[PDB]
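Visitor: Quick one: this structure, given as structure tokens, is what I'll be asking you about.
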Amino acid sequence: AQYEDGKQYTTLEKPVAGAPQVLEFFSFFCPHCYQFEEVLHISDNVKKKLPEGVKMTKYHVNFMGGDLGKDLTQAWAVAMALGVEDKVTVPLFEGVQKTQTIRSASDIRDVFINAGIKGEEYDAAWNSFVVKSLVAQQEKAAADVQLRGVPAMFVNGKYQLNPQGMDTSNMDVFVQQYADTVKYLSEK
């Protein structure tokens with residue numbers, strides 16, 4: 001065929017019932033994740049090719065960066081709760097990997113303050129049970145697919161993207177291949 005299992009994607013031996021349609025995992029500590037967001041804009045180009053009526057989900061993971069990795073999973077929960085993903089994603093990536101000015105939860109908090117979320121509103125969110133369950137959600141979804149690596153994308157809890165098996169000579173062509181694969185898997 002043109003899309004082969006084991007080539008542009010792999011199939012989960014253990015399919016995850018009721019999973020989000022398109023489910024992406026990253027870490028702010030993850031170097032290909034930084035590329036995926038800043039240079040490739042993967043999430044965005046996938047959305048641009050997905051049919052109508054398909055929700056897109058993105059979760060942070062704990063297994064990179066120890067105590068600070070977990071702080072970032074909580075902050076991402078806060079970001080999702082306040083709907084400010086698009087305002088903190090870049091400063092979090094650059095604060096962790098570029099400038100390395102993020103070394104503690106207070107430094108993560110600074111990013112939200114400088115993006116305009118109010119101190120009060122961030123701390124309230126940070127400490128809220130709505131954020132506790134959002135952290136629980138992120139952990140459960142990663143657990144459901146026994147996740148040991150990021151970036152990772154899963155379609156309908158059955159198929160996992162395999163970027164390793166796509167040409168990387170041209171970044172634009174890589175992105176389209178990637179997105180077209182998601183759309184193919186989506187219509188499977």
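Labeling convention for the structure tokens: chains A, B, ... as they appear, residues from 1 per chain, ligands from 1 in order of appearance.
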Could you give me, as a PyMOL selection string, each residue of stretch 14-178 of chain A that DSSP assigns to helix (DSSP H, G or I) when run on this structure's backbone?
Guide: chain A and resi 31-39+42-47+66-82+85-98+105-114+119-127+129-144+163-165+171-178
Visitor: Which residues of stretch 10-46 of chain A come within 8 Å of stretch 127-148 of chain A, and what is each one's closest atom pair and distance in Å (one decimal), counting only C-alpha atoms, sorted by chain and residue number, as a Markdown table?
Guide:
| residue | atom | partner | partner_atom | distance |
| --- | --- | --- | --- | --- |
| A:12 | CA | A:145 | CA | 8.0 |
| A:14 | CA | A:145 | CA | 7.9 |
| A:16 | CA | A:144 | CA | 6.5 |
| A:19 | CA | A:141 | CA | 7.8 |
| A:25 | CA | A:142 | CA | 7.7 |
Visitor: Out of A:170, A:84, A:156, A:164, which residue has the shortest atom-to-atom distance to residue A:11 when counting only C-alpha atoms?
Guide: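 Closest to residue A:11 of all the choices is A:156.
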Visitor: Nearest residue to residue A:15 out of A:50, A:155, A:173, A:78, using only C-alpha atoms?
Guide: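 Using only C-alpha atoms, residue A:15 sits closest to A:155.
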Visitor: Determine, counting only C-alpha atoms, which protein, DNA and RNA residues have an atom within 10 Å of an atom of residue A:176; residues of the same chain fewer than 5 positions away are not included. Present the result as an MDAnalysis selection string.
Guide: chainID A and resid 42 45:46 49 171 181:182
Visitor: Let me see the file: selected residues, C-alpha atoms, as a short mmCIF file (atom, residue, chain, number, x, y, z; two decimals), in the first residue's frame.
Guide:
data_model
loop_
_atom_site.label_atom_id
_atom_site.label_comp_id
_atom_site.auth_asym_id
_atom_site.auth_seq_id
_atom_site.Cartn_x
_atom_site.Cartn_y
_atom_site.Cartn_z
CA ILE A 42 2.93 20.08 13.69
CA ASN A 45 -0.82 21.74 10.35
CA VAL A 46 -2.58 18.58 11.52
CA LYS A 49 -6.08 19.02 7.42
CA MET A 171 10.90 20.12 6.74
CA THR A 181 -0.94 10.51 7.74
CA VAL A 182 -3.05 11.71 10.65
#
Visitor: Find the residues around stretch 119-124 of chain A up to 10 Å (only C-alpha atoms counted), leave out those fewer than 5 positions away in its own chain, and share them as number ranges by chain.
Guide: A: 75, 78-79, 82, 109-110, 112-114, 129, 131
Visitor: Keeping C-alpha atoms for every residue in the selection just given, could you write it to a file as a CSV table (one decimal), in the first residue's frame?
Guide:
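After the write, again_4.csv holds the following:
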chain,number,residue,atom,x,y,z
A,75,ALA,CA,1.1,24.3,34.8
A,78,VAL,CA,-3.6,25.4,34.5
A,79,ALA,CA,-3.0,26.5,30.9
A,82,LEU,CA,-7.7,29.0,31.6
A,109,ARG,CA,4.5,31.0,37.3
A,110,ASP,CA,6.5,34.1,36.1
A,112,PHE,CA,2.0,33.1,33.0
A,113,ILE,CA,2.3,36.5,34.8
A,114,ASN,CA,4.3,38.0,31.9
A,129,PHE,CA,-9.4,20.5,42.1
A,131,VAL,CA,-6.6,21.3,37.8
Visitor: Could you find all residues in stretch 131-186 of chain A that DSSP calls strand (DSSP E or B) from the backbone, and write them as a PyMOL selection string?
Guide: chain A and resi 152-155+159-161
Visitor: If you keep N, CA, C and O atoms, can you produce a file of those selected residues as an mmCIF file, in the first residue's frame?
Guide:
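Below is the file that was written, out09.cif:
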data_model
loop_
_atom_site.group_PDB
_atom_site.id
_atom_site.type_symbol
_atom_site.label_atom_id
_atom_site.label_comp_id
_atom_site.auth_asym_id
_atom_site.auth_seq_id
_atom_site.Cartn_x
_atom_site.Cartn_y
_atom_site.Cartn_z
ATOM 1 N N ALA A 152 4.692 12.298 20.695
ATOM 2 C CA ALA A 152 3.929 11.117 20.323
ATOM 3 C C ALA A 152 2.555 11.601 19.968
ATOM 4 O O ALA A 152 2.062 12.572 20.537
ATOM 5 N N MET A 153 1.957 10.958 18.980
ATOM 6 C CA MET A 153 0.596 11.263 18.614
ATOM 7 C C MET A 153 -0.164 9.964 18.397
ATOM 8 O O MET A 153 0.359 9.030 17.796
ATOM 9 N N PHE A 154 -1.397 9.924 18.880
ATOM 10 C CA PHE A 154 -2.232 8.730 18.797
ATOM 11 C C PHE A 154 -3.537 9.105 18.152
ATOM 12 O O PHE A 154 -4.113 10.155 18.493
ATOM 13 N N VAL A 155 -3.980 8.287 17.192
ATOM 14 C CA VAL A 155 -5.262 8.524 16.535
ATOM 15 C C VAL A 155 -6.285 7.444 16.940
ATOM 16 O O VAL A 155 -6.076 6.231 16.732
ATOM 17 N N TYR A 159 -3.945 4.006 16.664
ATOM 18 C CA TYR A 159 -2.752 4.195 15.828
ATOM 19 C C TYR A 159 -1.795 5.255 16.346
ATOM 20 O O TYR A 159 -2.220 6.353 16.705
ATOM 21 N N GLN A 160 -0.500 4.945 16.310
ATOM 22 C CA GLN A 160 0.545 5.847 16.793
ATOM 23 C C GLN A 160 1.416 6.302 15.620
ATOM 24 O O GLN A 160 1.890 5.473 14.838
ATOM 25 N N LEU A 161 1.580 7.614 15.468
ATOM 26 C CA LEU A 161 2.390 8.175 14.374
ATOM 27 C C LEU A 161 3.840 7.706 14.481
ATOM 28 O O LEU A 161 4.375 7.576 15.574
#
Visitor: For residue A:22, which residue among A:188, A:41, A:55, A:48 is the nearest when counting only C-alpha atoms?
Guide: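 The shortest atom-to-atom distance to residue A:22 comes from A:55.
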Visitor: Which value, in Å to one decimal, gives the distance between atom CA of residue A:91 and atom CA of residue A:62?
Guide: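 Here the two named atoms are 18.9 Å from each other.
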Visitor: When you count only C-alpha atoms, which of these residues is closest to residue A:103: A:39, A:72, A:30, A:179?
Guide: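 The closest residue to residue A:103 is A:72.
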